[PDB]
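Comments concern the structure below.
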Amino acid sequence: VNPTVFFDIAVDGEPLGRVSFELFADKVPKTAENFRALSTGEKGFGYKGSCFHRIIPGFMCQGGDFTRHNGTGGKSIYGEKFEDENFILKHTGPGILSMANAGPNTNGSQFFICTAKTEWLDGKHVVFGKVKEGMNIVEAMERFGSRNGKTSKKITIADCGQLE
Numbered sequence: 002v003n004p005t006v007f008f009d010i011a012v013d014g015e016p017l018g019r020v021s022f023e024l025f026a027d028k029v030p031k032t033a034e035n036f037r038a039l040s041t042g043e044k045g046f047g048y049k050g051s052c053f054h055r056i057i058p059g060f061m062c063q064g065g066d067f068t069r070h071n072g073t074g075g076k077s078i079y080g081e082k083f084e085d086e087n088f089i090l091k092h093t094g095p096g097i098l099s100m101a102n103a104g105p106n107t108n109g110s111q112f113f114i115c116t117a118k119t120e121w122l123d124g125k126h127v128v129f130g131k132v133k134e135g136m137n138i139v140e141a142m143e144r145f146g147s148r149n150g151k152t153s154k155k156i157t158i159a160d161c162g163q164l165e
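Going left to right, the sequence shown walks through residues 2 to 165 as the deposited numbering numbers them.
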């Protein structure tokens with residue numbers, strides 16, 4: 002019942018591979034629906050063509066700023082930043098999908114993929130999904146990050162949508 006979405010990732014325009022995610026709509030339905038909709042584009046805006054702008058090896062890949070492409074933008078499907086739905090799910094290791102924010106109850110469209118266990122984020126970021134296939138593609142993306150998060154090649158979401 003939980004939706005599955007895919008990203009097709011490119012590096013300086015050259016295809017790299019596909020990552021798929023299970024979205025935990027059973028436990029965080031508003032946050033999963035926001036990500037699902039942005040991935041299909043069905044509201045007229047979303048993740049297709051956006052970049053991963055902040056990559057820190059051993060930590061996480063962050064993306065979803067499809068408005069300003071640098072971490073200062075993005076918007077939810079709700080016409081406003083929305084609340085932290087709950088913190089039932091924890092940051093337990095690589096592959097966790099979690100919302101980036103600007104403090105309590107400021108969720109928009111930016112998200113990150115953990116590449117390690119990041120327990121210090123528990124209770125601060127809403128976990129809402131996990132990598133299902135293609136963790137190796139996230140690992141390949143990680144290698145184009147750096148200590149301060151700057152990417153050495155442009156990492157894009159060349160296509161995205163809903164699977165199954």
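We put the CB at the ideal spot given by N, CA and C, even for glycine.
- Three or more Cβ pairs drawn from the segment 59-77 and the segment 105-115 lie within less than 8 Å of each other, which places the two stretches in contact.
- Secondary structure at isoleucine 78: coil, using DSSP grouped into helix, strand and coil.
- Going by C-alpha positions, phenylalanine 7 is about 14 Å away from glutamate 34.
- Annotated as distal: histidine 54 and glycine 75, with beta-carbon spacing of 8 Å or more.
- Less than 8 Å divides the Cβ of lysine 44 from the Cβ of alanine 38.
- In the assembly as shown, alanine 103 is an exposed residue. Its beta-carbon has fewer than 16 other beta-carbons within 10 Å.
- Judged by their CB atoms, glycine 18 and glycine 135 are nearer to each other than the 8 Å cut-off.
- In the structure shown, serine 110 falls within a coil segment according to DSSP collapsed to helix, strand and coil.
- When secondary structure is reduced to three states using DSSP, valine 29 falls in the coil class, being assigned neither helix nor strand.
- DSSP places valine 12 outside any alpha helix (DSSP H); the residue lies instead in the beta strand (DSSP E), whose first and last residues are 5-12.
- Looking at the DSSP output, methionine 61 sits in a beta bridge with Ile57, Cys115.
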